[PDB]
Structures are given as structure tokens and as C-alpha cells.
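Novice:
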Ligand code: NA
Ligand code: NA
Ligand SMILES: [Zn+2]
Ligand SMILES: [Zn+2]
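Chains as they are written, first to last, in the authors' numbering: chain A, 0 to 366, 377 to 455; chain A', 0 to 366, 377 to 455. A prime marks a further copy of an entry chain.
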């Protein structure tokens, strides 16, 4: 499938360190080793986890077109990878060259990939980088060539997609053009919540040409939903139709192809998490602290960029006038793997999740923003535009300045927070993939 | 129908003058006369055109609960109305009172309405105002009571809807609540252009609960349209389905009721103009100078508030990088009857319309914003929110400050222009209704 391609994902931080080591300035090849976890869902994703730099002095020969792999650094990589059968990717630079593997590279790989597989029974591979930072990679199974990596990607402040070469033109597209659609057609988007905002995110993702669209929601269409959920009908409400099934069918009719994957479940489930982990981008549109935390942990664990959107209309009672709107607000948060998280930004806290679960049990035992499509659309359009701006930069300022966006329609103000202003906690789950218990939550354990 | 109610429409300027005369501060009743044109479409609309203030000194008696109508001012009103059979509305104030017609008012009307009809064979009526400016009115046919006016309205910087009293609660609703839906259910919206922006405007108007939705467009769904037009399907494109018929059917399914009126024609037609003139609000979403001028003239002629929206993505070729986005922009203009127009704001000019028509003929004889739903949604959501903000004020600043809105997503700036900063030309077509040739354009003549 156009939505079954494999992935090698590096964090921005690891990629920056790698590029700096591979291009010291003397124009000679240099070497490094990436040790990766894997997620083997509908597509294979290699998740860069550890980096070993091969010192220049340790390489018996370094020239502008060759580097000798010191055997003991292969062994050091085997020693890191052995316990969890991690994938080992050997990387070298092509200063003054091109992103093409040479005959020497092929013949070297034939030797080194057999050594790596004898050390660790796992998929391994090799990669090359040019000075710009762009990479190509390929994988070897049982120590013998299997396949190129379709996509090497880094979701930084800007999102970088480096595609395996084809005979067709593959220039980076400009925002809002048809090359944009070409990129999106090879990507998978996950919509968490087919909500007031999420149905609008999903509509845009569909019409922008994304190749696979996961829809995650356990809720149903109701009469109260009809003022907000795109594509929903009165008939849908009268049969309490699941939101994900309604929207999957809409996408099928819009696109002429069954490219949506409806998951009728809460995001707090093994089913939803394992499906979402396959995606190339997460859009979190569920207005609970729990859901935002799950999305946060998926994004870190599986190295997926995350866009989180919320809106609010707080009200108060005025002594003289009665109930009044207090404010009308929206928030868009972009989270890059290894950058500050939703937790760091206090979008949720342990206490807020605790109180929210208690209140849900109180509401269960016992058993103001009613018409808000305009606000939902104002926020959801900004949310998807943020993804476009990071894939195909078009703003007059660096994308890092817009890491958080807050707007008020009552105060007619919009403010931006730069990534560098956000304190970061230690991120223990980065690139751990599906290590059990899933996301560190025993409730999701196997 | 809930969409067949009649209307008495005053301009903000006339209403302000009327209220000032009716409430000089001595707490005694005062009197004035409104002379109105009419539009008799699917609903009767009285369009306030001229105002005669009855001087306090000319009234034989003025008390806190009575005023004597001087007969010669009825004759002056007859003399103004005679040529074009205009409707005459007698207005007096209720200082310290309520918006209820008294027995004295009923008995007075029985006399004066017969005199008015003997003078001018037309519908006439009477109205009352309290100090706040709120009004009630009723109409007399052949000089005898016929019916109350369902809605007296002034579209100023704020939009005022004064509804005929019912046994049910009728408090002014707060933005984004259910009372909002109650107001909208009695209104007619006209969507000019079921375009990238117009289909999103129409979707919001539908789900917000508007009672009647006119859709005006001659264009069809095509494959190139599927990345932008809400509710459109591949099947729609394969049969080149008219946009208005596609969207009318969507609205029927969404709302469970056939409340849309699809007009498969250009706005530059007698059919479209006469349909639009029935509306309570115009949304202009067609990106031609001609269409914006027609909408401008409809709004002035029939006293309809107008929201005009456009977006642009100018591009340029960079010597070093190739084609680049120059800017990514949107514009929302609110036009109130008697306020500055789209012409005043140079949204179109005679020269721009002339050149546009020549280029269309050049293109005819001979025979960059391709994927832009996110921008269309960002602009269309702001456009409908602007209507909400003026009907149910919720901003921390006066609505007049936001008469024009300009935003750039590339420069990350949004600017507002106040009505008071815009120069106004003489507005010769204000409240002339369907005087021929329609809109002053011989091409639309009968
Ligand atoms: Na970090
Ligand atoms: Na004027
Ligand atoms: Zn090489
Ligand atoms: Zn009275």
C-alpha cells in the first residue's frame, strides 16, 4: 500500500548530533552507529534510541570517498543491542558526494551486515548522509539485503521527509500546492476524537489527500452533536451511529477509496494505542486530561509529531446582566519527539487526571459552549495549518516561535510561545516503542 | 413558514435620529413618521427611506401617555408617499411605559389608517418605541388592521432583532447558546458562492440552525473542487453536479428538513438578485469584482447586512529558490446599511470590474492557491463568527472596531479597521428596493 511503507525515525536532537559528527569540516568520511527500537504494526518503524559516534582517530583510513569500519565498534553496537534485540544502523557521510550507495558500500554491507546479524538476531541496516542532513537508508534481514527504507524522517521544529528515490520528480513541495498532496498521500494521520474540533481536523486531512486516516473515538452521533460534527445527519443521530463509522464512510465517499481506519474505542485502550502508533502524525482533539496524556505518551514512545487542540468558553453570572461569556479561547500545541511535552506545558497534571477520574465516577453514580462550530473551525483550521507550516515552511519567522498558540476571540488577541521557553522534564519513554506495560500504564498491559 | 415573517427595517442612521426626537428628556410622548419602500418577495419587507419628525410645538397635546396627531403632518406624509405608493408608518414614543399598544392607540389607528389609505393606496402602519430604542409595529391593509410586524430590525455596528411578543420567553440570547439558535431559526441567510469559503460558510449557517438558506452559484463540482467543497463527493464530480443542488441536498440530510433554496445561476441575474433580496443576511463568497459589487448593491438597496470574505495566496519566483509563497491572507468585511460600502473600501472599482470582464472575454476567446481548505476554513469561520459577535455581542471592544479584518498567516499578523476611518460616498441606492432597472444595472432590467 501507499500507506504500508517503512520508516526510519530520528529525533531532532540525535540527528543534530549525528550531522555534527559526520561533517567536522575536513571533507573526509566519518562514521556513526544508530541503535533502534522497532514498532512492527502495519508498517515497520525503526525508532532511533542510542547513538555511538565512531571517533575519527579510530578509523584506520578516512578519505573523501572511503572510511574503514573498526570492527570493535560493531561489537560495541552489538553489546548495546543484544538485550532487547535492537536494530543496528551503520551510518557514514558522503562529503562532496551524493545520496547514492556505492559499489564499495554494497560490498562493505555484505560483510558487516552478516556480522551484525550473527551478533543480534534482528533487522539491521545502513545509511548515508550528505552535508545538508538529508539521509538514505536500507535494511538487511538475516544479514542479507531486503529493502530500502521508504522514508527517513525527523520531526523537528520543521518536519523533514526524505523519500527513497524514484524515477519521478521528487522536489520538496511548496505549501498549498499539488506536491503537498503527493507527500500527504504517503502519510498516515491519526485523529484522536471525532469531536467538534476533531471532525473538522479529519475533514481537512481527508480533503488534503492523506493516504491513510485513523479515526479513534467511542462516542456516537446524537441530536445534540448535529450542530457541530461535520458530515453527520439527523438520520445518523436517530440511530446513534458511532462517530468513527459515520466519518469513515464520509471519507470513503469523498475520496472514492476506503482509506480510513475506524477504531470504535477510547484512546485509553490497547487497540487504539497500537493503531495510533502506526501513524506519521497525531491530532489530539479529545477534551479530557486523560486523552491528552495518552496522546503525549504515544508521541514520545513512537516518535510521532503531535498537534493538540482545545477550545473553551468559560461563563460567569453577572449580578446585573445574568450569565455572561467570560472568554472565548483556543489553544494549539505542537509537540516534536524529544522536545517539550504536553506534560511539560502543564496541559495536564497527575492531579488534574486524578480529579477528572473521580468526577467521572461521581457523575456515573449520580446518573458553557453548546453551539460552537465557528470556534471549533477557527481552532481546527489553525491546527492543520500548523502541520502544513512545519512540513512546507512559508512563515516569515521560524516555526519554533509558534510551538504554542493561544487565541481569544473575546479579547481579540493571539499569542505564541517558543519551544525554548518551555522547561523540559527527563523524557524516559522517548523511543521505547511498545515496551510493556504499554505507555508505562499497567491498565494497558498485556 | 418560520421563514415567511414580514420585516420593518430601519437604518442605524434613521433609527438614531428617530430615537433622539422621540425621547427629548421631558418624559412626554413625541411623534414621527417613517416613509418606506417595500420589497414583496416571499416575505414583506418595509424599507425605511424617509423620516418626518413632528415638532413638539405642533402637537396640540403632549403628555406622558398621549400625543395628538396633527392632521397636516399626515398630509405631508401622504405627499411624500404618493408618487411611488410608499408605506407610511406613524410612530410615537412610550416614555415610562411599555411596548404595548393601548386602547387609545388602537382607536387612533382606526381613524388615521383610513386617512392614510384614502391618500395612498398602499399598506400603512403604526409603531411605538421605548427609551432603549426597541420598537413594535403593526400593519393595516386597505386601512384596516391586518397583522403585527414579526420583526423590526436595525443592522448597525450591533444587529438588533426586536420580535413581536409571544407567550414564550423571548430574552435576548447569549452568544454560543440555544437562544442563539432560536433567533437564527427565524432568519434567512443568502450564501453567494458555494465556493471554497462559501461551502464552509453554508455548512456553519446550516448547523447553527438558520431557518432558510439561499444558495446562489452557477458552478459545478469537479475533481479539482474535491479538495475544498464541503459535502462534495467523487461521485458528485463524475457527474459534474451543480454546487447548489449538491449543498441543498446535504442541508436537507443534516437538518432533516428541506430548508435550502438552491439558485443555479450567477449572482448577476434577476433570478439571483430577487431571491437574495429576501434574505436577512448576505454572505458574499465569490472571488470576482463583479459579484462583490452586486452583493454591495443588494445590501444597500434592500437594507441587508453583508459579510464579504476573501482569501489570497500570491506567489513569486525567487531567483535562488524558485516559486515561493509571497503571503497567505484573508479579509472579512462587514457592511451595515447606510455605513461604508465595499465600494467605499475599494474592494472593487469600476476599472477593476472593467478589466475583469475584458480578461474573461480574452480567456473565453483563447479557449497560486490550489489546495487551500485550511485557509478557506480560517477565513470562513471568522466570517460567521463576525455575524454572531454583532447579533450577540461578546467581545471586550465595540463591534465597530472590527468593521474590516485583515490577517496574514505568513506574517502572523491580524489588523482591524474601524468604520469611522472609512470615507463614505453618497449612497443613492439606499432603501430603493427593486426600483427598475434592478440595482441600477440595465442588464438586470425588466
Ligand atoms: Na527532551
Ligand atoms: Na452612508
Ligand atoms: Zn559510501
Ligand atoms: Zn401609545
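A virtual CB, placed ideally from N, CA and C, is assigned to each residue, including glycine.
Using 8 Å for Cβ pairs, my map puts residue 226 (chain A') next to residue 208 (chain A). What's the rounded Cβ distance?
Specialist: Going by Cβ atoms, the distance from residue 226 (chain A') to residue 208 (chain A) rounds to 7 Å, so yes, they are a contact pair.
Novice: Given this structure, state the Cα-to-Cα distance separating residue 140 (chain A') from residue 210 (chain A'), to the nearest angstrom.
Specialist: Approximately 27 Å between the Cα atoms of the pair.
Novice: If we count Cβ pairs, one from each stretch, closer than 8 Å, do we get three or more for the segment 25-41 of chain A versus the segment 86-105 of chain A?
Specialist: With a cut-off of 8 Å, the segment 86-105 of chain A and the segment 25-41 of chain A count as touching, because enough Cβ pairs lie within range.
Novice: Rounded to a whole number of angstroms, what is the C-alpha to C-alpha distance between residue 61 (chain A') and residue 15 (chain A')?
Specialist: Straight-line Cα distance between these residues: approximately 22 Å.
Novice: Between the segment 118-129 of chain A and the segment 68-81 of chain A, do three or more beta carbon pairs fall short of 8 Å?
Specialist: As far as the Cβ criterion goes, the segment 118-129 of chain A touches the segment 68-81 of chain A, which means the pair count is three or higher.
Novice: CB of residue 338 (chain A) to nearest heavy atom of ligand 1: below 7 Å?
Specialist: The answer is yes for residue 338 (chain A).
Novice: In terms of alpha-carbon separation, which member of A':424, A':36, A':173 and A':276 lies closest to residue 317 (chain A)?
Specialist: With distances taken between Cα atoms, residue 317 (chain A) lies closest to A':173.
Novice: Quick check on residue 390 (chain A) - is its C-beta less than 8 Å from some C-beta in chain A'?
Specialist: Yes, residue 390 (chain A) lies at the interface with chain A' (some Cβ there is under 8 Å from its Cβ).
Novice: If we call anything under 8 Å between Cβ atoms a contact, is residue 185 (chain A) one with residue 220 (chain A)?
Specialist: No, they are not a contact pair.
Novice: Distance check for residue 453 (chain A) and residue 268 (chain A), CA to CA, integer angstroms please.
Specialist: Distance between the alpha carbons of residue 268 (chain A) and residue 453 (chain A) is about 6 Å.
Novice: Hey, residue 36 (chain A) and residue 149 (chain A) are a contact pair by Cβ (cut 8 Å); roughly how many whole angstroms apart?
Specialist: Not really, about 19 Å apart at Cβ, beyond 8 Å.
Novice: Taking 7 Å as the cut-off, is the CB of residue 11 (chain A) close to at least one heavy atom of ligand 1?
Specialist: Result no, Cβ not under 7 Å from ligand 1.
Novice: Exposed or buried, which one is residue 97 (chain A') when buried takes at least 16 other CB atoms within 10 Å?
Specialist: Exposed: under 16 other Cβ atoms inside 10 Å.
Novice: Residue 326 (chain A): which of A:332, A:416 and A:301 sits nearest, CA to CA?
Specialist: Closest option to residue 326 (chain A), Cα to Cα, is A:416.
Novice: Using a cut-off of 8 Å between C-beta atoms, extract the partners of residue 378 (chain A') located in chain A.
Specialist: What residue 378 (chain A') touches in chain A: 175.
Novice: Closer than 7 Å: is that where the CB of residue 127 (chain A') sits relative to any heavy atom of ligand 4?
Specialist: For ligand 4, at least one heavy atom lies less than 7 Å from the Cβ of residue 127 (chain A').
Novice: Does any C-beta atom of chain A' lie closer than 8 Å to the C-beta of residue 284 (chain A)?
Specialist: Not an interface residue.
Novice: Verify the CB distance criterion: does residue 203 (chain A') have a CB-CB separation below 8 Å to chain A?
Specialist: By this cut-off, residue 203 (chain A') is an interface position.
Novice: When DSSP builds the beta bridges, which residues end up paired with residue 50 (chain A')?
Specialist: Beta-bridge pairing links residue 50 (chain A') to A':33.
Novice: Residue range of the alpha helix (DSSP H) that residue 242 (chain A') falls in?
Specialist: Where residue 242 (chain A') is concerned, the enclosing alpha helix (DSSP H) stretches over 242-254.
Novice: Shortest alpha-carbon distance to residue 298 (chain A) belongs to which of A:448, A:429 and A:159?
Specialist: Of the candidates A:448, A:429 and A:159, the one whose C-alpha sits nearest the C-alpha of residue 298 (chain A) is A:448.
Novice: Among A':49, A':106, A':397 and A':218, which has the Cα closest to the Cα of residue 337 (chain A')?
Specialist: Residue 337 (chain A') has its Cα closest to that of A':49, out of A':49, A':106, A':397 and A':218.
Novice: Pop quiz: residue 124 (chain A') and residue 86 (chain A') are said to be a contact at Cβ under 8 Å. What is the actual Cβ separation, rounded to whole angstroms?
Specialist: With a Cβ gap of about 7 Å, residue 124 (chain A') and residue 86 (chain A') count as contacting.
Novice: For residue 400 (chain A'), would you say it is in contact with chain A, using Cβ-to-Cβ distances shorter than 8 Å as the test?
Specialist: Not one chain A Cβ lies under 8 Å of residue 400 (chain A').
Novice: Considering only C-alpha positions, which residue in the set A':79, A':145, A':418 and A':248 is nearest to residue 403 (chain A)?
Specialist: When only C-alpha atoms are compared, the closest one is A':418.
Novice: Taking contact to mean at least 3 C-beta pairs separated by less than 8 Å, is the segment 383-400 of chain A' in contact with the segment 389-401 of chain A?
Specialist: With a cut-off of 8 Å, the segment 389-401 of chain A and the segment 383-400 of chain A' count as touching, because enough Cβ pairs lie within range.
Novice: Check whether the Cβ of residue 104 (chain A) sits closer than 7 Å to any heavy atom of ligand 3, and report yes or no.
Specialist: Under cutoff, so the answer is yes.
Novice: Tell me the residue span of the alpha helix (DSSP H) that contains residue 426 (chain A').
Specialist: No alpha helix (DSSP H) holds residue 426 (chain A'); the beta strand (DSSP E) holding it covers 422-426.
Novice: Answer yes or no: the CB of residue 415 (chain A) versus the heavy atoms of ligand 4, is any distance below 7 Å?
Specialist: False, no ligand heavy atom lies under 7 Å from that Cβ.
Novice: Does the segment 239-258 of chain A come within contact of the segment 158-178 of chain A, defined as at least 3 CB pairs closer than 8 Å?
Specialist: At 8 Å Cβ cutoff, the stretches do not touch.
Novice: Is there at least one Cβ from chain A' nearer than 8 Å to residue 403 (chain A)'s Cβ?
Specialist: Cβ-Cβ to chain A' under 8 Å: yes for residue 403 (chain A).
Novice: Assuming contact is defined by CB atoms lying nearer than 8 Å, are residue 427 (chain A') and residue 409 (chain A') in contact in what I supplied?
Specialist: Yes, they are a contact pair.
Novice: Spatial neighbours of residue 52 (chain A') within its chain, please: CB distance less than 6 Å, with the 5 preceding and 5 following residues excluded, ordered by chain position.
Specialist: Contacts found: 20 and 31.
Novice: Name, going along the chain, the residues of the segment 146-171 of chain A whose beta-carbon falls closer than 7 Å to a beta-carbon of chain A'.
Specialist: So the list is empty, because no residue satisfies the distance condition.
Novice: For a test of the three-state rule: what should DSSP assign to residue 215 (chain A), helix, strand or coil?
Specialist: In this structure, residue 215 (chain A) counts as strand in the three-state DSSP scheme.
Novice: Run down chain A' in chain order and give the residues with a C-beta less than 8 Å from the C-beta of residue 322 (chain A).
Specialist: Result: 173.
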